[PDB]
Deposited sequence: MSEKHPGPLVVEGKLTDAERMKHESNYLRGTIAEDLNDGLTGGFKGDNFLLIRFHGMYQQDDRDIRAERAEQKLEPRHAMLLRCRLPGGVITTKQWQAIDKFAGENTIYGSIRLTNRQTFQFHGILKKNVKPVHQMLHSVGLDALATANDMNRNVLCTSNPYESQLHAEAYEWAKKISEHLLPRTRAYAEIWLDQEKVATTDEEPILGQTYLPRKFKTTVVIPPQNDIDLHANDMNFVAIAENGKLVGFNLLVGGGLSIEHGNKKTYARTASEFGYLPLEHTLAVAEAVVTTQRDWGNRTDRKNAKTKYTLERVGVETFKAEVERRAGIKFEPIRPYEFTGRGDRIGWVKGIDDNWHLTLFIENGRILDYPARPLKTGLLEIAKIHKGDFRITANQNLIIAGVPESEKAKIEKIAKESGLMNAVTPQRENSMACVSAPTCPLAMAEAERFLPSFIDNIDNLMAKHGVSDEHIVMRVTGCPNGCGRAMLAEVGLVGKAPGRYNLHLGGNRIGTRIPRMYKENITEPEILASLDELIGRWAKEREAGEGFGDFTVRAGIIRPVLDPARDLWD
């Protein structure tokens, strides 16, 4: 298992050229796959090239996690904050936390984020430990801590569940690393290590109580949490296209379907990004939506970058729906896949696009995700509409998450095929288009209209 460490998704152009060369010359599939934890993956590395890949990473200052005994995963950071000035400091903290957590064997893998409101692109409620940035005058002052998210479930096993993360309170910036260590060590000591399916922090928190866990974190960190400082999210999508950054700089976010970077007929996505890497003055940022930001472009350089991106297919226009849809890798490389996800999503969203147009809502979107099995890598258990693989061509259909990702969708129909899913969604999108209140999301609508009951307390009410 290769898990390349890349805190906050920030990768230099020199690093990009090295991984582009390795992908093209030394793997079966020839691709760079952007992951939804803001890093990248190679597929099909032969025996001959396992030592070459660690040497390649080392040659450009990169390393991979030693997953055999390191339970941490890549630390996420909001990639393109609306207050652009905040990114540098939030990224420095994501790096500091990532380095602090490098090898305490944990009972189960442990996932961390740094989040900049109002964007929940990094999907904080899928993660064990979340630092929500609070700023004054463009400078970080501290974080709200949320603990205990995680999405993996087992079909037919009501002792497993997806759980969102719980607020603990606010900490000043100076206590960040002491708090991070206290959460990690409390989970290390209190986790149910014997039953692997019950070892995640989400289960520990439910077993001992949020207040009990919080009190122990306070004791170990040597602090008292302050009350939560106000924060609100407005969405989880990327900002596709150009946005103004700091100074005279601009950020170009490229939609990349499934994060799969390969040269396709009339669409040389991989060569295009190499050509951009060779001229770009700044870094790239891999987003938690499996897209890529060409970050820190001077205004004078926008036209040159955009020319390559447009000619290579990297700026091919897609619907808002497609920009807000996601799938996990699944087949052909994942050994755990029950149904296709990545290879299913493009034509599935073709069909969803037709339904949206039919009902007059082609400018709207529904956060819609497909995961190939209930481990949940595609983050379907935080979607407005989630599909969870069950068997070849068959999925459980979940409804009633929200746009900002703070609610788990309940299962609506079990073990159904794509035609059955599209027939259900045709009827329901039609109802939404005609009956929604101003700005009301599809997920919230299915709850308000009584189509599905909400999940209010997942450890107790996720399962019917």
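> Counting from 1 along the deposited sequence, which stretches lack C-alpha positions?
The deposited sequence has unmodelled segments at 1-80, 184-209.
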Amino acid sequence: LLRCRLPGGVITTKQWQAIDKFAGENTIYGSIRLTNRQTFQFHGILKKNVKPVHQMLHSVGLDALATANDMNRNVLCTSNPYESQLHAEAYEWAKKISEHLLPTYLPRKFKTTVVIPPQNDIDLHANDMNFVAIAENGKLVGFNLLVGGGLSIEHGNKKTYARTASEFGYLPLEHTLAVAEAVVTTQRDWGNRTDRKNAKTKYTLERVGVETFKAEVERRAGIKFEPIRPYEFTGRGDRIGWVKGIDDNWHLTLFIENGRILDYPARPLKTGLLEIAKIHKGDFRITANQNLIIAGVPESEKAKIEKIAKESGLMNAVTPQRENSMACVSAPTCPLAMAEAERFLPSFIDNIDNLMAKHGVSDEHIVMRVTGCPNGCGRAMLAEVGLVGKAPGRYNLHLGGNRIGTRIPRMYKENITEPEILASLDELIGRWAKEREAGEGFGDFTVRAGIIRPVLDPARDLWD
From here on, numbers count along this sequence of modelled residues.
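> Averaging only over Cα atoms, indicate whether 287-295 or 346-354 has the higher B-factor in the PDB entry.
On average, C-alpha B-factors are higher across 346-354.
> Going by the average Cα B-factor in the PDB entry, point out whether 68-76 or 321-329 comes out higher.
68-76 has the higher mean C-alpha B-factor.
> Checking the record values for 413, 434, 37, 403, which has the greatest CA B factor?
The listed residue with the largest C-alpha B-factor is 434.
> Have a look at 246, 124, 387, 373 and flag the one whose Cα has the highest B-factor in the entry.
Most elevated C-alpha B-factor of the set, per the entry: 246.
> Report the third (lowest, middle or highest) to which the CA temperature factor of residue 441 belongs, ranking only the modelled residues of the same chain.
Middle third.
> Going by the CA temperature factor in the PDB record, which third of the chain does residue 449 belong to: lowest, middle or highest?
Highest third.
> Among the modelled residues of its chain, does the C-alpha B-factor of residue 228 lie in the lowest, middle or highest third?
Its C-alpha B-factor, which the entry lists for residue 228, ranks in the highest third among residues of this chain.
> Can you tell me whether residue 430 has a C-alpha B-factor in the lowest, middle or highest third compared with the other modelled residues of the same chain?
Within its chain, residue 430 is a highest-third residue by C-alpha B-factor, going by the deposited values.
> Could you place residue 204 in the lowest, middle or highest third of its chain by Cα temperature factor, using the values in the record?
According to the entry, residue 204 has a C-alpha B-factor in the chain's lowest third.
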